[PDB]
């Protein structure tokens, strides 16, 4: 079982610049007789099946543009994108076909880098219709921010909440290359009406100080 380790996990590259992904192996993939490396590179866009880009660690499959180039020998291999474009945002895997079982790399997410954008924070108190069913969900919205790294904290009566919330993050937008995050705090109606102040504290690189949008249950 040959193990393939990639680096970096996440890669931010400006549109039109050079992107490089490293792939390391636990055993030499080079077949010494034919003098070829049994390694391949795959591109998988979100929701898409993986697409083969480069085989034998240097040869390019038909239809792949010139910006993709493969390099490496022995156990260290690199995938290089010359001029990154908007359509190249995907996760890249390195796979070895030298020994069964086949093993893929961990994967490297490649994203378009832009200027830092401060998130827009909105907080939505639970609806009356949902409150009838005995469950209250408080939604906090972060809109059009970059980079993706952000911290969201739920503070009910100045009490940080943990284990009661879930987060979801959008993919990088095709238009402004920004992300959006929503954190939903799920509580029972009995627990929801036992407190007054519900706050959402957002920490991000684009914010000088942590922004907190809060509401009171008693309107």
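Residue numbers count along the first chain shown, from 1.
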Comparing 33 to 41 with 147 to 155, the one whose average Cα B-factor in the PDB entry is higher: 33 to 41
Higher-B stretch (mean Cα B-factor, as the entry records it), 176 to 184 or 189 to 197: 189 to 197
Largest Cα B-factor, entry values, listed residues 58, 161, 168, 28: 28
CA B-factor ranking of residue 82, expressed as a third of its chain: highest
Residue 120 - Cα temperature factor, lowest/middle/highest third of chain: lowest
Entry-reported Cα temperature factor of residue 74, expressed as the chain third it lands in: highest
Chain-relative CA temperature factor third for residue 101: highest
Ranked against its chain, the third holding the CA B-factor of residue 46: highest
